[PDB]
Amino acid sequence: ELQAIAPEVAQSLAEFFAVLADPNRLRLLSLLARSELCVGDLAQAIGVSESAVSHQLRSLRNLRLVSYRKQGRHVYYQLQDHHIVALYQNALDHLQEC
Amino acid sequence: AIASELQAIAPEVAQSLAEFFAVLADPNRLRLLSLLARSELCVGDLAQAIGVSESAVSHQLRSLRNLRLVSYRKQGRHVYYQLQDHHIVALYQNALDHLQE
C-alpha cells in the first residue's frame with residue numbers, strides 16, 4: 001500500500017534543503033525564528049552592514065523563506081510560515097540529541 | 001521590542017546545521033525517508049517500493065545509519081529500519097507542507 005514520493009517531488013524537496021545548507025542564511029533565520037525584525041536590527045545582531053543584510057533578505061524573499069509587512073515607518077521581516085519555524089527547531093533538536 | 005536580547009546561533013552551530021541540511025539534499029535519500037515516515041520496513045520492502053536491488057538499498061541505508069538519520073531493530077529473522085527520531089519525521093513533513101502551501 002506504500003508508495004514513495006514522486007521523483008519530481010523528491011527533486012524539489014532536495015533543492016529546498018540545499019538552499020538551507022548555508023550558515024549565513026541559518027544565522028539570519030535563527031533571529032527571525034524568535035521575532036520579526038527590521039533590517040537595522042538584523043544588521044546589528046549579525047554585525048554587518050544593512051546593505052549586506054538587504055541583499056541576503058532579497059534572496060530569501062524570492063526563495064519564499066521570508067516575507068515582510070509595513071508598520072508605519074518600518075518594514076519588519078519574518079519567516080514565511082510556521083513550517084519554517086517548526087523544521088528549523090526540529091533540525092536543531094535532532095542535532096543536540098545526537 | 002525584544003531585538004536587544006537577541007543573539008544569533010554560534011557560527012560553529014550554524015555550520016553543523018548547514019551540513020545536516022546538505023545531507024538531506026538528495027532525492028534518493030528523501031524517497032527512502034518518505035517510506036520510513038509511514039512505516040518501519042525491511043530492506044526487501046524498501047527495495048520493492050523503490051524498484052531497485054536490495055543491494056542498492058543496503059548501501060544507501062548504510063549511509064543513513066552513520067548519518068544518524070535511521071536506526072534498526074531485529075525481530076527474529078528480520079531487520080526493520082525506522083527513522084532515528086520524531087524530529088526527522090517532523091522536519092520532513094513541515095518542509096513538505098511548506099512546499100505545497
# chains A, B, ... in the order shown; residues from 1 in each chain; ligands from 1
$ select_by_dssp --residues "chain B" --states "strand (DSSP E)" --output "ChimeraX atom specification"
/B:70-75,78-83
$ write_last_selection --atoms "N, CA, C and O atoms" --output "PDB file, in the first residue's frame"
ATOM      1  N   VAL B  70      18.634   7.135  10.343  1.00  0.00           N
ATOM      2  CA  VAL B  70      17.816   5.936  10.530  1.00  0.00           C
ATOM      3  C   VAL B  70      18.453   4.975  11.537  1.00  0.00           C
ATOM      4  O   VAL B  70      19.647   5.063  11.839  1.00  0.00           O
ATOM      5  N   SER B  71      17.630   4.102  12.106  1.00  0.00           N
ATOM      6  CA  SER B  71      18.112   3.096  13.046  1.00  0.00           C
ATOM      7  C   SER B  71      17.403   1.803  12.689  1.00  0.00           C
ATOM      8  O   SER B  71      16.637   1.766  11.726  1.00  0.00           O
ATOM      9  N   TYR B  72      17.659   0.741  13.442  1.00  0.00           N
ATOM     10  CA  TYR B  72      17.052  -0.550  13.138  1.00  0.00           C
ATOM     11  C   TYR B  72      16.852  -1.404  14.374  1.00  0.00           C
ATOM     12  O   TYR B  72      17.361  -1.098  15.455  1.00  0.00           O
ATOM     13  N   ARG B  73      16.143  -2.510  14.187  1.00  0.00           N
ATOM     14  CA  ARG B  73      15.887  -3.454  15.264  1.00  0.00           C
ATOM     15  C   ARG B  73      15.677  -4.835  14.653  1.00  0.00           C
ATOM     16  O   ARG B  73      15.209  -4.948  13.524  1.00  0.00           O
ATOM     17  N   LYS B  74      16.095  -5.875  15.369  1.00  0.00           N
ATOM     18  CA  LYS B  74      15.933  -7.245  14.899  1.00  0.00           C
ATOM     19  C   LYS B  74      14.746  -7.846  15.603  1.00  0.00           C
ATOM     20  O   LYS B  74      14.653  -7.776  16.824  1.00  0.00           O
ATOM     21  N   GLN B  75      13.837  -8.423  14.826  1.00  0.00           N
ATOM     22  CA  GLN B  75      12.637  -9.069  15.353  1.00  0.00           C
ATOM     23  C   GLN B  75      12.709 -10.461  14.739  1.00  0.00           C
ATOM     24  O   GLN B  75      12.131 -10.726  13.679  1.00  0.00           O
ATOM     25  N   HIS B  78      14.093 -10.975  10.849  1.00  0.00           N
ATOM     26  CA  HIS B  78      14.082  -9.737  10.075  1.00  0.00           C
ATOM     27  C   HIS B  78      14.740  -8.535  10.720  1.00  0.00           C
ATOM     28  O   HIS B  78      14.832  -8.435  11.939  1.00  0.00           O
ATOM     29  N   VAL B  79      15.167  -7.605   9.876  1.00  0.00           N
ATOM     30  CA  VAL B  79      15.779  -6.371  10.328  1.00  0.00           C
ATOM     31  C   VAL B  79      14.875  -5.259   9.825  1.00  0.00           C
ATOM     32  O   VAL B  79      14.699  -5.101   8.620  1.00  0.00           O
ATOM     33  N   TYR B  80      14.246  -4.540  10.751  1.00  0.00           N
ATOM     34  CA  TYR B  80      13.346  -3.451  10.386  1.00  0.00           C
ATOM     35  C   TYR B  80      14.018  -2.112  10.571  1.00  0.00           C
ATOM     36  O   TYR B  80      14.500  -1.807  11.654  1.00  0.00           O
ATOM     37  N   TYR B  81      14.029  -1.308   9.517  1.00  0.00           N
ATOM     38  CA  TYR B  81      14.610   0.026   9.588  1.00  0.00           C
ATOM     39  C   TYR B  81      13.520   1.020   9.920  1.00  0.00           C
ATOM     40  O   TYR B  81      12.366   0.819   9.558  1.00  0.00           O
ATOM     41  N   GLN B  82      13.895   2.088  10.610  1.00  0.00           N
ATOM     42  CA  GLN B  82      12.948   3.116  11.005  1.00  0.00           C
ATOM     43  C   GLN B  82      13.690   4.437  11.133  1.00  0.00           C
ATOM     44  O   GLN B  82      14.916   4.450  11.177  1.00  0.00           O
ATOM     45  N   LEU B  83      12.958   5.545  11.170  1.00  0.00           N
ATOM     46  CA  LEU B  83      13.588   6.856  11.314  1.00  0.00           C
ATOM     47  C   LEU B  83      14.188   6.999  12.711  1.00  0.00           C
ATOM     48  O   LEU B  83      13.625   6.487  13.683  1.00  0.00           O
TER      49      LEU B  83
END
$ interface_residues --of "chain B" --to "chain A" --cutoff "6 Å" --atoms "only C-alpha atoms" --output "list in words"
residues 8, 9, 14, 15, 18, 21, 22, 25, 26, 27, 31, 34, 35, 87, 91, 94 and 98 of chain B
$ write_last_selection --atoms "C-alpha atoms" --output "mmCIF file, in the first residue's frame"
data_model
loop_
_atom_site.group_PDB
_atom_site.id
_atom_site.type_symbol
_atom_site.label_atom_id
_atom_site.label_comp_id
_atom_site.auth_asym_id
_atom_site.auth_seq_id
_atom_site.Cartn_x
_atom_site.Cartn_y
_atom_site.Cartn_z
ATOM 1 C CA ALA B 8 22.151 34.579 16.512
ATOM 2 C CA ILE B 9 23.248 30.950 16.770
ATOM 3 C CA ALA B 14 25.328 27.235 12.043
ATOM 4 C CA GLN B 15 27.980 25.159 10.222
ATOM 5 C CA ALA B 18 24.168 23.598 7.340
ATOM 6 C CA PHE B 21 20.586 20.022 5.621
ATOM 7 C CA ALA B 22 23.141 19.254 2.906
ATOM 8 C CA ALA B 25 19.554 17.487 -0.205
ATOM 9 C CA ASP B 26 19.433 14.130 -2.021
ATOM 10 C CA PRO B 27 16.310 12.890 -3.922
ATOM 11 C CA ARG B 31 12.308 8.903 -1.325
ATOM 12 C CA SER B 34 9.277 9.159 2.799
ATOM 13 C CA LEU B 35 8.546 5.424 3.047
ATOM 14 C CA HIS B 87 12.259 15.244 14.861
ATOM 15 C CA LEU B 91 11.061 18.306 9.850
ATOM 16 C CA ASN B 94 6.909 20.530 7.701
ATOM 17 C CA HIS B 98 5.741 24.422 3.182
#
$ atom_distance --atom1 "CA of residue 88 in chain B" --atom2 "CA of residue 37 in chain B"
8.6 Å
$ residues_around --residues "residue 60 in chain B" --least-positions-apart "2" --cutoff "12 Å" --atoms "only C-alpha atoms" --output "MDAnalysis selection string"
chainID B and resid 26:33 43 46:47 52:58 62:67 69:70
$ residues_around --residues "residue 50 in chain A" --least-positions-apart "4" --cutoff "7 Å" --atoms "only C-alpha atoms" --output "PyMOL selection string"
chain A and resi 39-40+43+54
$ decode --residues "range 11-55 of chain A" --atoms "N, CA and C atoms" --output "mmCIF file, in the first residue's frame"
data_model
loop_
_atom_site.group_PDB
_atom_site.id
_atom_site.type_symbol
_atom_site.label_atom_id
_atom_site.label_comp_id
_atom_site.auth_asym_id
_atom_site.auth_seq_id
_atom_site.Cartn_x
_atom_site.Cartn_y
_atom_site.Cartn_z
ATOM 1 N N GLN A 11 12.816 15.767 -5.990
ATOM 2 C CA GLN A 11 13.783 16.725 -6.517
ATOM 3 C C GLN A 11 13.602 18.131 -5.922
ATOM 4 N N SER A 12 12.352 18.585 -5.850
ATOM 5 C CA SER A 12 12.016 19.901 -5.302
ATOM 6 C C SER A 12 12.385 20.002 -3.830
ATOM 7 N N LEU A 13 12.109 18.928 -3.102
ATOM 8 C CA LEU A 13 12.401 18.876 -1.680
ATOM 9 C C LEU A 13 13.912 18.951 -1.473
ATOM 10 N N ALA A 14 14.665 18.222 -2.303
ATOM 11 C CA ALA A 14 16.134 18.208 -2.245
ATOM 12 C C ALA A 14 16.688 19.624 -2.460
ATOM 13 N N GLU A 15 16.156 20.322 -3.458
ATOM 14 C CA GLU A 15 16.570 21.693 -3.757
ATOM 15 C C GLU A 15 16.282 22.607 -2.587
ATOM 16 N N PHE A 16 15.158 22.364 -1.917
ATOM 17 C CA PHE A 16 14.751 23.174 -0.769
ATOM 18 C C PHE A 16 15.788 23.063 0.359
ATOM 19 N N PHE A 17 16.195 21.838 0.665
ATOM 20 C CA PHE A 17 17.185 21.602 1.706
ATOM 21 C C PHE A 17 18.551 22.151 1.344
ATOM 22 N N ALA A 18 18.865 22.132 0.052
ATOM 23 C CA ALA A 18 20.141 22.647 -0.444
ATOM 24 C C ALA A 18 20.236 24.151 -0.161
ATOM 25 N N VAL A 19 19.122 24.852 -0.379
ATOM 26 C CA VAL A 19 19.003 26.290 -0.148
ATOM 27 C C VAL A 19 19.246 26.628 1.325
ATOM 28 N N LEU A 20 18.850 25.727 2.216
ATOM 29 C CA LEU A 20 19.034 25.941 3.646
ATOM 30 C C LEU A 20 20.433 25.555 4.123
ATOM 31 N N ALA A 21 21.196 24.878 3.263
ATOM 32 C CA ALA A 21 22.555 24.452 3.617
ATOM 33 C C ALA A 21 23.550 25.598 3.422
ATOM 34 N N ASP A 22 23.342 26.678 4.160
ATOM 35 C CA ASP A 22 24.168 27.873 4.083
ATOM 36 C C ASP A 22 24.120 28.476 5.486
ATOM 37 N N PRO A 23 25.268 28.510 6.183
ATOM 38 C CA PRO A 23 25.411 29.043 7.545
ATOM 39 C C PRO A 23 24.921 30.472 7.768
ATOM 40 N N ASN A 24 25.212 31.354 6.822
ATOM 41 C CA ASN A 24 24.786 32.742 6.927
ATOM 42 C C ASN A 24 23.278 32.865 6.894
ATOM 43 N N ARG A 25 22.642 32.079 6.033
ATOM 44 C CA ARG A 25 21.193 32.101 5.918
ATOM 45 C C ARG A 25 20.576 31.617 7.200
ATOM 46 N N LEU A 26 21.176 30.573 7.778
ATOM 47 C CA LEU A 26 20.683 29.992 9.026
ATOM 48 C C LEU A 26 20.814 30.937 10.216
ATOM 49 N N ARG A 27 21.883 31.728 10.247
ATOM 50 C CA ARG A 27 22.064 32.682 11.335
ATOM 51 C C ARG A 27 20.977 33.738 11.251
ATOM 52 N N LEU A 28 20.595 34.099 10.029
ATOM 53 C CA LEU A 28 19.537 35.078 9.816
ATOM 54 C C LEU A 28 18.198 34.488 10.233
ATOM 55 N N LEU A 29 17.959 33.234 9.855
ATOM 56 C CA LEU A 29 16.720 32.562 10.202
ATOM 57 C C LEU A 29 16.598 32.360 11.705
ATOM 58 N N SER A 30 17.728 32.131 12.379
ATOM 59 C CA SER A 30 17.713 31.902 13.827
ATOM 60 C C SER A 30 17.204 33.121 14.598
ATOM 61 N N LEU A 31 17.383 34.310 14.032
ATOM 62 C CA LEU A 31 16.911 35.520 14.684
ATOM 63 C C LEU A 31 15.416 35.674 14.395
ATOM 64 N N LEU A 32 15.042 35.518 13.124
ATOM 65 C CA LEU A 32 13.643 35.639 12.721
ATOM 66 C C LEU A 32 12.751 34.572 13.335
ATOM 67 N N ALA A 33 13.341 33.456 13.760
ATOM 68 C CA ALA A 33 12.572 32.388 14.375
ATOM 69 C C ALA A 33 12.050 32.839 15.741
ATOM 70 N N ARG A 34 12.676 33.862 16.323
ATOM 71 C CA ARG A 34 12.268 34.376 17.630
ATOM 72 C C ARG A 34 11.513 35.698 17.581
ATOM 73 N N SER A 35 11.639 36.420 16.481
ATOM 74 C CA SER A 35 10.964 37.699 16.392
ATOM 75 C C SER A 35 11.117 38.364 15.040
ATOM 76 N N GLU A 36 10.044 39.012 14.586
ATOM 77 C CA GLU A 36 10.088 39.765 13.341
ATOM 78 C C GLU A 36 11.026 40.936 13.641
ATOM 79 N N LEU A 37 11.813 41.350 12.652
ATOM 80 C CA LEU A 37 12.788 42.417 12.854
ATOM 81 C C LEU A 37 13.032 43.242 11.611
ATOM 82 N N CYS A 38 13.514 44.464 11.820
ATOM 83 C CA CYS A 38 13.845 45.372 10.727
ATOM 84 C C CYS A 38 15.250 45.057 10.277
ATOM 85 N N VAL A 39 15.607 45.609 9.123
ATOM 86 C CA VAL A 39 16.936 45.420 8.567
ATOM 87 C C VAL A 39 18.014 45.924 9.541
ATOM 88 N N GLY A 40 17.715 47.021 10.239
ATOM 89 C CA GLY A 40 18.648 47.597 11.192
ATOM 90 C C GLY A 40 18.935 46.701 12.382
ATOM 91 N N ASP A 41 17.908 46.004 12.866
ATOM 92 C CA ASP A 41 18.060 45.092 14.000
ATOM 93 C C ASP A 41 18.876 43.886 13.574
ATOM 94 N N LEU A 42 18.612 43.405 12.362
ATOM 95 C CA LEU A 42 19.312 42.247 11.826
ATOM 96 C C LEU A 42 20.779 42.543 11.591
ATOM 97 N N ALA A 43 21.065 43.720 11.047
ATOM 98 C CA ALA A 43 22.440 44.125 10.771
ATOM 99 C C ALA A 43 23.257 44.135 12.058
ATOM 100 N N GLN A 44 22.769 44.850 13.064
ATOM 101 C CA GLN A 44 23.450 44.928 14.347
ATOM 102 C C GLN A 44 23.714 43.574 14.986
ATOM 103 N N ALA A 45 22.693 42.716 15.031
ATOM 104 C CA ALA A 45 22.799 41.386 15.639
ATOM 105 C C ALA A 45 23.810 40.485 14.952
ATOM 106 N N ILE A 46 23.968 40.676 13.648
ATOM 107 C CA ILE A 46 24.905 39.897 12.848
ATOM 108 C C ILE A 46 26.258 40.618 12.741
ATOM 109 N N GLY A 47 26.259 41.917 13.025
ATOM 110 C CA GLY A 47 27.479 42.701 12.955
ATOM 111 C C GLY A 47 27.939 43.021 11.541
ATOM 112 N N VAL A 48 26.996 43.176 10.614
ATOM 113 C CA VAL A 48 27.327 43.506 9.222
ATOM 114 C C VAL A 48 26.534 44.733 8.782
ATOM 115 N N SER A 49 26.772 45.182 7.554
ATOM 116 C CA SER A 49 26.081 46.361 7.035
ATOM 117 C C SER A 49 24.629 46.084 6.660
ATOM 118 N N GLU A 50 23.790 47.105 6.805
ATOM 119 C CA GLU A 50 22.382 46.989 6.461
ATOM 120 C C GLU A 50 22.287 46.647 4.986
ATOM 121 N N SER A 51 23.248 47.161 4.232
ATOM 122 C CA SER A 51 23.340 46.924 2.810
ATOM 123 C C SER A 51 23.505 45.429 2.526
ATOM 124 N N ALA A 52 24.378 44.783 3.296
ATOM 125 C CA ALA A 52 24.631 43.356 3.135
ATOM 126 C C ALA A 52 23.399 42.547 3.519
ATOM 127 N N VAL A 53 22.756 42.943 4.616
ATOM 128 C CA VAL A 53 21.566 42.254 5.088
ATOM 129 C C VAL A 53 20.451 42.326 4.044
ATOM 130 N N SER A 54 20.257 43.497 3.432
ATOM 131 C CA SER A 54 19.225 43.685 2.394
ATOM 132 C C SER A 54 19.412 42.748 1.206
ATOM 133 N N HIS A 55 20.669 42.489 0.846
ATOM 134 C CA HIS A 55 20.996 41.580 -0.255
ATOM 135 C C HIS A 55 20.566 40.142 0.075
#
